[PDB]
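Because the Cβ atoms are built from the backbone with ideal geometry, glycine has one as well, and the counts that use them run over all protein chains shown. Quick note: the coordinates plus some simple rules give every number you see, no bench work behind them.
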Amino acid sequence: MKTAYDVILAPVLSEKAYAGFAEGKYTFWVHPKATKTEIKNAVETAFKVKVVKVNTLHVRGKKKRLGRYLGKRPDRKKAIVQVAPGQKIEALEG
Amino acid sequence: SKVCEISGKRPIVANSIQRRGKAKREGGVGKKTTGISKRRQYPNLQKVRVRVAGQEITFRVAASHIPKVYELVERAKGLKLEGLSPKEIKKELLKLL
Amino acid sequence: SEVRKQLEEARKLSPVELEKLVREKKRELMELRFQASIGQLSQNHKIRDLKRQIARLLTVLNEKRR
Amino acid sequence: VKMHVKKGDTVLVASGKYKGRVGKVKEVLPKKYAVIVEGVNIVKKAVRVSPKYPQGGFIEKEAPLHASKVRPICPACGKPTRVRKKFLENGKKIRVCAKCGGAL
RNA sequence: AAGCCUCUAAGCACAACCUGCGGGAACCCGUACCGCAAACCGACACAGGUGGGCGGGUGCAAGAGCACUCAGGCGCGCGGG
RNA sequence: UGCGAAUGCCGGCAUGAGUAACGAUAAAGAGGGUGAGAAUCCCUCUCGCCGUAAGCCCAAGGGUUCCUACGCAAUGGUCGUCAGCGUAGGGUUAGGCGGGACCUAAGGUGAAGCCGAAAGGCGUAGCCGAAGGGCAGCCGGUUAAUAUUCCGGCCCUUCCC
RNA sequence: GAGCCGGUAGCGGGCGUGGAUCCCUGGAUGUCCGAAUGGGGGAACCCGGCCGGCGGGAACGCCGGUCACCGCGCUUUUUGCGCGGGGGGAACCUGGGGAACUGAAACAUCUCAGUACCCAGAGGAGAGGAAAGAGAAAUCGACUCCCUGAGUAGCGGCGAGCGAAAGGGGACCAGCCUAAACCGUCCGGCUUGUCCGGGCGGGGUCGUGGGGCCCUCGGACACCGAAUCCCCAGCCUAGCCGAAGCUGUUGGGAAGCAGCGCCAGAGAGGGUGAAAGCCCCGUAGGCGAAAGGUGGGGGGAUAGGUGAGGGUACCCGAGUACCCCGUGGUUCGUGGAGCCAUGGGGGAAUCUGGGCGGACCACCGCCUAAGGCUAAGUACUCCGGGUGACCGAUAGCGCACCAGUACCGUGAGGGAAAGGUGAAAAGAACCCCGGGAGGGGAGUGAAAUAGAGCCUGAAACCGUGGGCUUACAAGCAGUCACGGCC
Ligand SMILES: [Mg+2]
Ligand SMILES: [Mg+2]
Ligand SMILES: [Mg+2]
Ligand SMILES: [Mg+2]
Ligand SMILES: [Mg+2]
Ligand SMILES: [Mg+2]
Ligand SMILES: [Mg+2]
Ligand SMILES: [Mg+2]
Ligand SMILES: [Mg+2]
Ligand SMILES: [Mg+2]
Ligand SMILES: [Mg+2]
Ligand SMILES: [Mg+2]
Ligand SMILES: [Mg+2]
Ligand SMILES: [Mg+2]
Ligand SMILES: [Mg+2]
Ligand SMILES: [Mg+2]
Ligand SMILES: [Mg+2]
Ligand SMILES: [Mg+2]
Ligand SMILES: [Mg+2]
Ligand SMILES: [Mg+2]
Ligand SMILES: [Mg+2]
Ligand SMILES: [Mg+2]
Ligand SMILES: [Mg+2]
Ligand SMILES: [Mg+2]
Ligand SMILES: [Mg+2]
Ligand SMILES: [Mg+2]
Ligand SMILES: [Mg+2]
Ligand SMILES: [Mg+2]
Ligand SMILES: [Mg+2]
Ligand SMILES: [Mg+2]
Ligand SMILES: [Mg+2]
Ligand SMILES: [Mg+2]
Ligand SMILES: [Mg+2]
Ligand SMILES: [Mg+2]
Ligand SMILES: [Mg+2]
Ligand SMILES: [Mg+2]
Ligand SMILES: [Mg+2]
Ligand SMILES: [Mg+2]
Ligand SMILES: [Mg+2]
Ligand SMILES: [Mg+2]
Ligand SMILES: [Mg+2]
Ligand SMILES: [Mg+2]
Ligand SMILES: [Mg+2]
Ligand SMILES: [Mg+2]
Ligand SMILES: [Mg+2]
Ligand SMILES: [Mg+2]
Ligand SMILES: [Mg+2]
Ligand SMILES: [Mg+2]
Ligand SMILES: [Mg+2]
Ligand SMILES: [Mg+2]
Ligand SMILES: [Mg+2]
Ligand SMILES: [Mg+2]
Ligand SMILES: [Mg+2]
Ligand SMILES: [Mg+2]
Ligand SMILES: [Mg+2]
Ligand SMILES: [Mg+2]
Ligand SMILES: [Mg+2]
Ligand SMILES: [Mg+2]
Ligand SMILES: [Mg+2]
Ligand SMILES: [Mg+2]
Ligand SMILES: [Mg+2]
Ligand SMILES: [Mg+2]
Ligand SMILES: [Mg+2]
Ligand SMILES: [Mg+2]
Ligand SMILES: [Mg+2]
Ligand SMILES: [Mg+2]
Ligand SMILES: [Mg+2]
Ligand SMILES: [Mg+2]
Ligand SMILES: [Mg+2]
Ligand SMILES: [Mg+2]
Ligand SMILES: [Mg+2]
Ligand SMILES: [Mg+2]
Ligand SMILES: [Mg+2]
Ligand SMILES: [Mg+2]
Ligand SMILES: [Mg+2]
Ligand SMILES: [Mg+2]
Ligand SMILES: [Mg+2]
Ligand SMILES: [Mg+2]
Ligand SMILES: [Mg+2]
Ligand SMILES: [Mg+2]
Ligand SMILES: [Mg+2]
Ligand SMILES: [Mg+2]
Ligand SMILES: [Mg+2]
Ligand SMILES: [Mg+2]
Ligand SMILES: [Mg+2]
Ligand SMILES: [Mg+2]
Ligand SMILES: [Mg+2]
Ligand SMILES: [Mg+2]
Ligand SMILES: [Mg+2]
Ligand SMILES: [Mg+2]
Ligand SMILES: [Mg+2]
Ligand SMILES: [Mg+2]
Ligand SMILES: [Mg+2]
Ligand SMILES: [Mg+2]
Ligand SMILES: [Mg+2]
Ligand SMILES: [Mg+2]
Ligand SMILES: [Mg+2]
Ligand SMILES: [Mg+2]
Ligand SMILES: [Mg+2]
Ligand SMILES: [Mg+2]
Ligand SMILES: [Mg+2]
Ligand SMILES: [Mg+2]
Ligand SMILES: [Mg+2]
Ligand SMILES: [Mg+2]
Ligand SMILES: [Mg+2]
Ligand SMILES: [Mg+2]
Ligand SMILES: [Mg+2]
Ligand SMILES: [Mg+2]
Ligand SMILES: [Mg+2]
Ligand SMILES: [Mg+2]
Ligand SMILES: [Mg+2]
Ligand SMILES: [Mg+2]
Ligand SMILES: [Zn+2]
């Protein structure tokens with residue numbers, strides 16, 4: 001619907017993503033069609049935080065085979081968001 | 001579209017037939033065909049360019065039906081429009097109900 | 001059952017509240033995702049029937065406007 | 001897949017090695033057209049030493065029987081086929097054995 | 001051809017444009033890796049083909065030549081006698 | 001409806017034969033490591049080859065080949081503990097770089113219009129169309145793997161008010 | 001009506017007699033591409049206007065709505081609005097165009113053939129259709145389709161070959177609307193006029209010719225009646241009920257064999273450990289729709305239809321008939337060549353008019369052209385069903401299997417192989433050798449040379465073991481004889 005819990009899919013979990021918690025930078029799997037602008041507002045209203053910079057990038061499916069049948073996992077997109085000075089997202093601090 | 005806007009006439013295919021010899025009926029052994037091949041036959045199509053209301057309307061017709069362009073001009077009631085115009089003056093006025 | 005009643009309570013409660021209740025369950029769902037994602041923090045089927053119940057709401061929300 | 005017998009039922013095993021025995025249907029598998037009565041058909045399935053029963057070598061388990069192999073018990077008999085009555089509104093099962101319950 | 005400057009037109013001249021300063025606003029796609037080749041074109045980890053740029057030093061008349069060398073890279077995916 | 005032949009068709013398996021060959025004559029040696037197994041993997045030393053290249057950067061094209069963990073059936077012309085290979089996980093961050101919310105070129109397409117049995121051809125303007133024109137980012141640090149994209153310092157552009 | 005969360009087990013969780021899963025009908029949601037339609041565009045991507053909304057929201061972005069072109073229609077042309085069109089579909093259908101190989105034992109006319117094919121269009125059918133017909137009988141009555149007429153009549157380098165119709169027997173059955181005369185209305189042009197023109201309503205629709213206008217006759221309930229509308233049955237899209245057997249015996253297994261039974265409007269068929277009317281699923285015979293589709297049947301309505309005599313001579317489809325030129329259609333290839341069609345030229349009449357009966361003339365007949373619509377009987381098979389002296393994995397579709405796939409091709413396009421353990425996974429715990437692979441035991445099984453590279457398991461081919469044989473013989477390899485060894 002009006003999203004905005006539609007726009008934010010899931011936290012991306014890797015040494016790399018975690019290493020951004022240190023600065024104000026939290027990084028999510030987002031819906032592939034979402035503009036930088038609307039990712040902002042979707043986080044601003046999901047986590048009651050101020051978002052000052054968005055970085056996005058597309059992530060292509062990896063082709064995989066179960067034997068005889070090859071296919072590919074879905075293409076994803078991820079946003080790395082800069083929250084305002086001093087703010088944090090506790091939801092992501094586990 | 002080489003076709004008469006009034007009559008509907010359009011090009012037909014015809015054979016062109018080459019004959020030799022003497023008619024059987026002239027006491028010849030009779031005619032012989034050395035060739036047959038397709039040609040077509042166009043309507044004898046002309047411009048009729050005519051002034052109706054404000055405007056100058058140009059019909060493309062078979063020279064045959066040229067008179068009917070003028071018959072259609074004798075039908076005059078209330079058109080201040082642009083060319084079209086004949087869109088009105090046409091089969092609406094040729095047949096209708 | 002649960003669903004029968006949920007569907008029953010959802011009518012008579014009309015649309016602005018239906019939109020708000022959706023926005024809520026959606027957010028409740030996003031939370032559910034995160035917990036499955038971080039793993040071990042979810043016992044599923046809640047993901048399924050929340051998704052589903054969001055449908056049910058939206059389907060009534062549609063009734064109301066038509 | 002229509003079957004005849006359901007889970008609660010008591011059936012007699014009409015054929016095979018376990019021919020003649022009576023037991024209660026423990027489960028029903030309409031896709032394989034099989035009922036598993038118990039302990040009316042058992043078999044022995046060798047199992048690996050991973051966790052629970054780590055030391056465990058084998059297990060006895062109850063293998064499905066083709067649903068045709070068994071017949072409903074009929075409370076007092078060991079026949080029937082089955083029949084149907086209506087009244088109001090609908091529904092039934094009856095022994096044409098005759099004439100009896102099931103019910104349970 | 002636009003950007004750009006000038007000129008005026010309807011129009012508007014409590015608009016507008018210009019200059020400076022200030023606060024805000026700044027979307028989509030690409031971005032790994034190979035790329036004179038074992039990842040491209042050649043059924044092959046094929047002595048073939050593939051556009052642009054950089055391409056050090058010494059010497060030999062010059063040089064993008066020749067020889068040897070830097071950085072960097074390789075001894076070419078059967079070996080022993 | 002009967003096969004032995006059609007340089008028949010489809011498949012299978014022989015012969016040649018342990019034969020030719022193993023794909024540039026730039027070239028190798030040893031010590032140590034690892035592992036069930038080592039000429040062939042890792043590390044040291046020594047030797048040789050490229051060096052207007054056989055080094056580096058960009059555009060095509062390719063499309064995960066990238067980094068790492070576990071792995072050797074097959075692929076690798078031998079071997080393989082290795083790999084561009086199997087499984088899995090990770091990895092590509094831009095107002096300024098490229099392209100697009102800019103321009104036009106050939107050509108294409110095309111309100112007007114013209115032509116053509118039908119299909120369709122043509123065509124002014126317009127529109128589309130770039131490795132041309134126009135437009136604001138430099139140096140350094142950081143990751144296993146991205147960086148004019150993240151970070152640090154110093155600068156800049158356009159819209160809105 | 002008791003299980004369910006697809007193929008798909010498993011992990012980790014859930015649902016169902018308060019009726020789940022599943023099936024049928026309706027609805028809702030339905031990203032982006034695609035006729036594709038805001039505009040672009042290398043389909044599935046990009047960029048916008050307008051109105052509204054969201055966020056701090058002006059810039060930015062997202063959300064909802066709207067915005068292509070063409071045709072018709074009214075409308076004061078305009079602000080516009082309404083309705084429609086567009087594209088797809090296996091074959092079948094009509095229409096516009098339209099070959100060659102081949103045949104002629106060469107080849108031009110001729111054939112192949114109005115085929116293939118390309119294009120437009122239609123629909124569940126399409127076409128055709130209500131005589132300006134046939135064509136020798138005072139004959140028949142629309143059209144289509146089958147049989148027949150008939151390989152006839154004819155056509156034909158009279159070659160090769162092509163090939164009608166009337167009639168008869170069937171199937172199906174159906175007939176209608178208009179144009180004009182004349183009357184009325186509205187509007188337009190005007191040299192207002194019993195004017196001319198356009199629009200609408202009425203009128204009229206036929207060949208024993210009809211109709212308009214004038215007179216007389218009574219012309220009264222009328223009767224008829226749709227192809228249009230309404231209702232209903234019936235049918236389709238889920239389902240449901242549905243007779244009658246037990247025991248013993250061999251066997252891994254009974255459905256075999258044996259004993260004594262029973263049903264049958266059901267002894268079709270398929271399953272179940274092998275061979276079962278009576279165990280399962282069925283079969284004969286019955287039953288069933290809230291909803292959507294259909295509805296050619298039944299019913300009802302509405303639209304439409306329905307006269308006689310006389311008198312007038314007003315109307316009866318125009319670049320048309322007709323003639324000529326050039327061609328096509330027909331069996332008709334220029335022929336004595338008419339008929340139907342029409343590119344070109346000339347170019348009428350309105351019943352005393354016109355067309356036709358195979359040049360033309362007479363006579364005697366047939367029919368009324370230049371407007372339109374019309375069920376059914378017919379074609380087809382993407383689709384569902386039922387049957388087979390149809391195939392059974394080299395067959396049958398190219399595909400029994402995740403095939404128009406892999407793969408091959410720049411592309412159009414080409415295009416495969418590949419089914420089977422067992423009744424049941426009971427799919428081999430554990431030990432041993434081994435890095436694994438593999439195997440040996442163990443175990444399962446009726447069977448394990450049914451062990452998953454699994455039914456049967458042929459042959460070529462490779463191999464181990466045994467018997468006879470062979471290093472002074474030479475040959476289409478066999479054959480006849482004798483002898484040795486086993
Ligand atoms: Mg980016
Ligand atoms: Mg001629
Ligand atoms: Mg003229
Ligand atoms: Mg003339
Ligand atoms: Mg419930
Ligand atoms: Mg029965
Ligand atoms: Mg019920
Ligand atoms: Mg311009
Ligand atoms: Mg500023
Ligand atoms: Mg990069
Ligand atoms: Mg790079
Ligand atoms: Mg180069
Ligand atoms: Mg290199
Ligand atoms: Mg390389
Ligand atoms: Mg090599
Ligand atoms: Mg090479
Ligand atoms: Mg290559
Ligand atoms: Mg070169
Ligand atoms: Mg230099
Ligand atoms: Mg030099
Ligand atoms: Mg020098
Ligand atoms: Mg020199
Ligand atoms: Mg050199
Ligand atoms: Mg050999
Ligand atoms: Mg040799
Ligand atoms: Mg040799
Ligand atoms: Mg050799
Ligand atoms: Mg080599
Ligand atoms: Mg070599
Ligand atoms: Mg040098
Ligand atoms: Mg590329
Ligand atoms: Mg490749
Ligand atoms: Mg790969
Ligand atoms: Mg690598
Ligand atoms: Mg490794
Ligand atoms: Mg290997
Ligand atoms: Mg190897
Ligand atoms: Mg790999
Ligand atoms: Mg920047
Ligand atoms: Mg542009
Ligand atoms: Mg442009
Ligand atoms: Mg064009
Ligand atoms: Mg450019
Ligand atoms: Mg440029
Ligand atoms: Mg730039
Ligand atoms: Mg750098
Ligand atoms: Mg790198
Ligand atoms: Mg920076
Ligand atoms: Mg479970
Ligand atoms: Mg119910
Ligand atoms: Mg539905
Ligand atoms: Mg939605
Ligand atoms: Mg579009
Ligand atoms: Mg829009
Ligand atoms: Mg377009
Ligand atoms: Mg707005
Ligand atoms: Mg169409
Ligand atoms: Mg259509
Ligand atoms: Mg045709
Ligand atoms: Mg020919
Ligand atoms: Mg020829
Ligand atoms: Mg011939
Ligand atoms: Mg011949
Ligand atoms: Mg010849
Ligand atoms: Mg012909
Ligand atoms: Mg249609
Ligand atoms: Mg019809
Ligand atoms: Mg018709
Ligand atoms: Mg013919
Ligand atoms: Mg007949
Ligand atoms: Mg009749
Ligand atoms: Mg009328
Ligand atoms: Mg009048
Ligand atoms: Mg009238
Ligand atoms: Mg009338
Ligand atoms: Mg008369
Ligand atoms: Mg039954
Ligand atoms: Mg026994
Ligand atoms: Mg028995
Ligand atoms: Mg016997
Ligand atoms: Mg049977
Ligand atoms: Mg028998
Ligand atoms: Mg049976
Ligand atoms: Mg029945
Ligand atoms: Mg008259
Ligand atoms: Mg005539
Ligand atoms: Mg002819
Ligand atoms: Mg003729
Ligand atoms: Mg002749
Ligand atoms: Mg005549
Ligand atoms: Mg005539
Ligand atoms: Mg006649
Ligand atoms: Mg006649
Ligand atoms: Mg007439
Ligand atoms: Mg008529
Ligand atoms: Mg019709
Ligand atoms: Mg069928
Ligand atoms: Mg096969
Ligand atoms: Mg086959
Ligand atoms: Mg076979
Ligand atoms: Mg095949
Ligand atoms: Mg390809
Ligand atoms: Mg045993
Ligand atoms: Mg064994
Ligand atoms: Mg055997
Ligand atoms: Mg066997
Ligand atoms: Mg078998
Ligand atoms: Mg076998
Ligand atoms: Mg031997
Ligand atoms: Mg001798
Ligand atoms: Mg001897
Ligand atoms: Mg010899
Ligand atoms: Zn009983």
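C:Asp49 passes all but one of (1) surrounded by 12 or more Cβ atoms within 10 Å (Cβ to Cβ); (2) under 27 Å from A:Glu93 (Cβ atoms); (3) not aliphatic (A, V, I, L, M); which number fails?
Going through (1) surrounded by 12 or more Cβ atoms within 10 Å (Cβ to Cβ); (2) under 27 Å from A:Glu93 (Cβ atoms); (3) not aliphatic (A, V, I, L, M) one by one, C:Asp49 breaks only (2).
Among the residues of region A:34-45, is any in contact with a helix residue (DSSP H, G or I) (Cβ under 9 Å, 6 or more places away or on another chain) and within 14 Å of RNA strand E (Cβ to nearest atom)?
Quick first cut of region A:34-45, residues in contact with a helix residue (DSSP H, G or I) (Cβ under 9 Å, 6 or more places away or on another chain) only: A:34.
When the remaining residues are screened for being within 14 Å of RNA strand E (Cβ to nearest atom), the result is A:34.
Yes, region A:34-45 contains a residue that is in contact with a helix residue (DSSP H, G or I) (Cβ under 9 Å, 6 or more places away or on another chain) and within 14 Å of RNA strand E (Cβ to nearest atom).
Among the candidates B:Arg10, B:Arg19, B:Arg40, B:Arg49, single out the residue that is within 16 Å of the chain's Cα centre (by Cα), near RNA strand G (Cβ under 8 Å from one of its atoms) and outside any loop (DSSP other than H, G, I, E, B). Lay out the reasoning, then the answer.
Details: B:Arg10 fails: outside any loop (DSSP other than H, G, I, E, B); B:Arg19 fails: within 16 Å of the chain's Cα centre (by Cα); B:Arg49 fails: near RNA strand G (Cβ under 8 Å from one of its atoms).
Exactly one of B:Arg10, B:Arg19, B:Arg40, B:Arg49 is within 16 Å of the chain's Cα centre (by Cα), near RNA strand G (Cβ under 8 Å from one of its atoms) and outside any loop (DSSP other than H, G, I, E, B), namely B:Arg40.
Considering only residues that are surrounded by 10 or more Cβ atoms within 10 Å (Cβ to Cβ) and hydrophobic (A, V, I, L, M, F, W, C), which ones fall in region B:13-35?
B:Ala14, B:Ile17, B:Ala23 - these are the residues of region B:13-35 that are surrounded by 10 or more Cβ atoms within 10 Å (Cβ to Cβ) and hydrophobic (A, V, I, L, M, F, W, C).
For region B:52-66, name all the residues that are buried (at least 16 other Cβ atoms within 10 Å of the Cβ) and near RNA strand G (Cβ under 7 Å from one of its atoms).
Matches in region B:52-66: B:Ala62, B:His65.
Which ones in region B:67-96 are surrounded by 15 or more Cβ atoms within 10 Å (Cβ to Cβ) and within 8 Å of RNA strand G (Cβ to nearest atom)?
B:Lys68 - this is the single residue of region B:67-96 that is surrounded by 15 or more Cβ atoms within 10 Å (Cβ to Cβ) and within 8 Å of RNA strand G (Cβ to nearest atom).
Given chain C, what helices (runs of 4 or more DSSP H) lie entirely inside it while holding 2 or more residues that are more than 14 Å from chain A (Cβ to nearest Cβ) and over 20 Å from A:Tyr5 (Cα atoms)?
Working: elements: C:2-10, C:16-37, C:46-65.
Answer list for chain C: C:2-10, C:46-65.
Taking region B:52-80, which residues are in contact (Cβ under 8 Å) with a residue 12 or more places away in the chain and in a loop (DSSP other than H, G, I, E, B)?
B:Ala53, B:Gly54, B:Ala63, B:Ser64, B:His65, B:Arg75, B:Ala76, B:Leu79, B:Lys80
Can you tell me how many residues in region A:1-23 are small (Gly, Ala, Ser), assigned to a loop (DSSP other than H, G, I, E, B) and either within 16 Å of ligand 7 (Cβ to nearest atom) or within 14 Å of chain C (Cβ to nearest Cβ) (or both)? If you could, list the steps in order and put the result at the bottom.
Keep residues of region A:1-23 that are small (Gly, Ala, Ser), which gives A:4, A:10, A:14, A:17, A:19-20, A:22.
Those still in the list that are assigned to a loop (DSSP other than H, G, I, E, B) too: A:4, A:14, A:19-20, A:22.
So of that shortlist, the ones also either within 16 Å of ligand 7 (Cβ to nearest atom) or within 14 Å of chain C (Cβ to nearest Cβ) (or both) come out as A:4, A:14.
Total satisfying the criteria: 2.
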